[PDB]
Amino acid sequence: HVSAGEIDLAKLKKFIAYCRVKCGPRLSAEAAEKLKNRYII
Amino acid sequence: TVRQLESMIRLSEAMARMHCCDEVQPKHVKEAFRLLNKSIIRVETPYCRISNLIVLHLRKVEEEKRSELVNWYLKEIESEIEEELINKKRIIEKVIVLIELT
Amino acid sequence: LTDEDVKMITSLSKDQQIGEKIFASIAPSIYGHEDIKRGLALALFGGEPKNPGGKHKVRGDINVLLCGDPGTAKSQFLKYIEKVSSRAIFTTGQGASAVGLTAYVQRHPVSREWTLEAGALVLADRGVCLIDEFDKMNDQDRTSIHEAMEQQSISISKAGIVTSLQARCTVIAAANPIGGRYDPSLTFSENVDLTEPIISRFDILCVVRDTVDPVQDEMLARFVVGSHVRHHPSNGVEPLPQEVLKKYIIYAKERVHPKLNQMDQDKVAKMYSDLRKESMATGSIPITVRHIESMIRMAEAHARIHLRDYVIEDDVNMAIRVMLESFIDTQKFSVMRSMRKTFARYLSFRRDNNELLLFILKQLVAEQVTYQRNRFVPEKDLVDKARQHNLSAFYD
Ligand SMILES: Nc1ncnc2c1ncn2[C@@H]1O[C@H](COP(=O)(O)OP(=O)(O)OP(=O)(O)O)[C@@H](O)[C@H]1O
Ligand SMILES: [Mg+2]
């Protein structure tokens with residue numbers, strides 16, 4: 001209330017949009033194996 | 001509520017208007033109050049228990065174990081006037097807190 | 001429009017009793033209700049909106065909710081605020097109002113023109129919305145008021161209009177308790193007949209209780225009958241004139257912007273922690289950061305009232321007193337009295353020690369009269385409660 005290294009709001013919006021449009025990842029084999037074992041447990 | 005005062009004012013004005021008087025009078029206001037009081041009616045529910053309840057609650061609040069306190073109550077109220085002790089115990093049993101208003 | 005006005009309002013501000021003068025000048029036709037008038041003054045002068053970056057919006061509006069049993073002048077308070085405040089719009093929870101809470105789009109009955117009729121929340125974007133009968137609102141009205149209070153925006157997606165228009169109003173609401181009689185046995189939330197999210201967005205919660213108090217009844221009757229007599233058609237500081245009060249409000253809202261650089265963070269944090277501890281020491285509603293933010297808003301409002309441009313410790317104390325009084329009244333009797341006794345230090349601030357003694361005497365005589373009315377005060381009790389030392393001033 002008195003005062004009134006990160007990313008500002010507009011830059012964060014643009015970065016999120018760009019990441020969504022550009023990158024769609026997939027799990028790797030080892031990652032899937034570990035996830036499966038942890039899910040079973 | 002103050003709405004009742006406003007209605008009383010209106011009724012007194014109506015009495016003055018009926019009598020063609022340019023200024024309301026004690027008789028007019030008295031009639032208006034009488035009419036309002038008679039119009040308001042007493043609720044009847046299935047009656048002196050509330051008096052005992054509020055007096056004992058007031059005594060407790062002023063004071064602010066059952067063995068001592070029940071007898072304390074059974075003795076205190078009888079300081080101004082043999083058959084009513086059982087009635088007092090009955091009402092106490094029926095009652096038998098932090099959140100309570102008189 | 002303010003040249004000699006602005007010349008004189010600064011002197012009025014330096015008067016050094018301007019806060020009390022304003023609090024007494026609000027609602028000259030309403031007897032008593034000093035706490036309500038003080039809260040309304042704070043709401044009228046408002047707080048200071050802020051937004052760290054562009055991502056943490058915090059309102060600067062002091063919302064007020066007068067919940068009271070019938071015959072307590074809540075409607076008169078709302079009407080006076082309508083008369084005084086600029087950009088003040090009166091809407092009702094019923095359907096008998098010129099404006100409504102919810103925005104729609106239709107061809108106007110008179111203009112015959114396709115118009116986006118924004119709600120009474122938007123017609124007071126930078127003003128006050130006076131919502132009477134706040135407890136009797138439709139589902140859509142409740143949702144609209146929730147959206148306005150929590151977001152200060154109204155979203156239309158109606159015909160082809162997909163818009164979000166700002167409504168940054170200060171909400172002054174009037175409500176009645178469940179059953180038409182406030183019961184302190186229960187808490188305010190379960191007395192008011194409103195949702196907890198709706199209640200939370202109110203900075204001040206005035207519980208306008210009505211009790212049969214001889215002196216108060218006599219004085220109120222005197223006031224009402226005198227008003228009738230003087231308005232018959234065949235015809236302790238002095239309140240400010242209403243126009244001067246209006247111009248004072250204009251200047252205070254337009255120019256002075258209080259800042260919070262000098263406020264005892266240590267003291268306020270200690271108060272907040274103590275309030276939390278006492279809140280869960282009993283079975284009551286806990287205090288939250290919402291309350292400290294509302295206290296900050298009220299401190300800014302008091303600083304604006306006094307044109308200080310900086311919140312002074314007295315302003316902070318008065319804001320704390322308002323916030324406490326409200327939060328305490330929101331509690332049940334069991335916890336209300338306990339918290340009042342525990343935090344009487346804060347509640348007693350800016351009290352000349354005569355009002356406290358008068359209230360103690362009034363409660364003692366009320367206990368005595370309720371005792372007598374059913375069955376059919378000593379200096380010691382008064383001195384004991386005073387100890388809980390000087391009674392010559394009170395007597396004289
Ligand atoms: N404190 C008061 N001082 C002077 N007049 C008062 C006061 N309280 C109520 N009145 C008057 O008494 C009547 C009741 O007030 P009003 O109609 O505003 O009630 P209310 O609080 O709006 O009630 P409700 O919530 O039941 O609608 C009105 O004539 C009002 O002018
Ligand atoms: Mg009303």
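Computation of the quantities below employed the complete heavy-atom set of this structure, encompassing side-chain atoms and omitting hydrogens, waters and symmetry-equivalent molecules. Both counts, for ligands and for their atoms, begin at 1 and track the order of listing. Note on naming: letters A, B, ... go to the chains in the order of the sequence lines (proteins, then strands), and numbering restarts at 1 for each one.
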Check: Ignoring water, what protein N, O or S atoms are under 2.8 Å from the Mg ion (ligand 2)?
Finding: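 Metal shell, protein only: C/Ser75 OG.
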Note to self: Would you say that C/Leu40 contacts C/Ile172 through its side chain, given a criterion of any heavy-atom pair below 4.5 Å between the two side chains?
What the structure shows: yes
Salt bridge or not between [X] and [Y]? Use side-chain N to carboxylate O under 4.0 Å.
X        : Y        : result
C/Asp35  : C/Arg38  : yes
C/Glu243 : C/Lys247 : no
B/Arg17  : B/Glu13  : no

Next item on the list: Assess whether side-chain hydrogen bond (donor to acceptor under 3.5 Å, both in side chains) is satisfied between C/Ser334 and C/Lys332, documenting all intermediate values.
Entry: CA-CA 6 Å; C/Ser334 66; C/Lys332 62 184 73 176; 5.1 Å; no
Item checked: Test side-chain hydrogen bond (donor to acceptor under 3.5 Å, both in side chains) applied to C/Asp203 and C/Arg290, C/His291, C/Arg59, the passing residue -> C/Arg59
Check ligand 1 for close polar pairs with the protein: N or O on both sides, less than 3.5 Å.
unit_1   : atom_1 : unit_2   : atom_2 : d
ligand 1 : 1 (N)  : C/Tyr31  : O      : 3.1
ligand 1 : 3 (N)  : C/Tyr31  : N      : 3.1
ligand 1 : 17 (O) : B/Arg3   : NH2    : 3.1
ligand 1 : 18 (O) : C/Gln76  : NE2    : 3.4
ligand 1 : 19 (O) : B/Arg3   : NH2    : 3.4
ligand 1 : 21 (O) : C/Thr72  : N      : 3.2
ligand 1 : 21 (O) : C/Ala73  : N      : 2.8
ligand 1 : 21 (O) : C/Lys74  : N      : 2.9
ligand 1 : 22 (O) : C/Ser75  : N      : 3.2
ligand 1 : 22 (O) : C/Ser75  : OG     : 2.4
ligand 1 : 23 (O) : B/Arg3   : NH1    : 3.3
ligand 1 : 23 (O) : B/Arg3   : NH2    : 3.3
ligand 1 : 25 (O) : C/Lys74  : NZ     : 3.1
ligand 1 : 25 (O) : C/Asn176 : ND2    : 3.4
ligand 1 : 26 (O) : B/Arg3   : NH1    : 2.8
ligand 1 : 27 (O) : B/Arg3   : NH2    : 3.2
ligand 1 : 29 (O) : B/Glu6   : OE1    : 3.2

Item checked: Validation row, ring centre C/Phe327 to ring centre C/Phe343 under 6.0 Å -> no
Note to self: Under a 3.5 Å distance rule, please check whether C/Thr370 uses its side chain to pair with a backbone N or O of C/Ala366 as donor and acceptor.
What the structure shows: no
Margin query: Strictly distance-based, threshold 3.5 Å: is any side-chain N or O of C/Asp329 a donor or acceptor partner for the main-chain N or O of C/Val207?
Written below: no
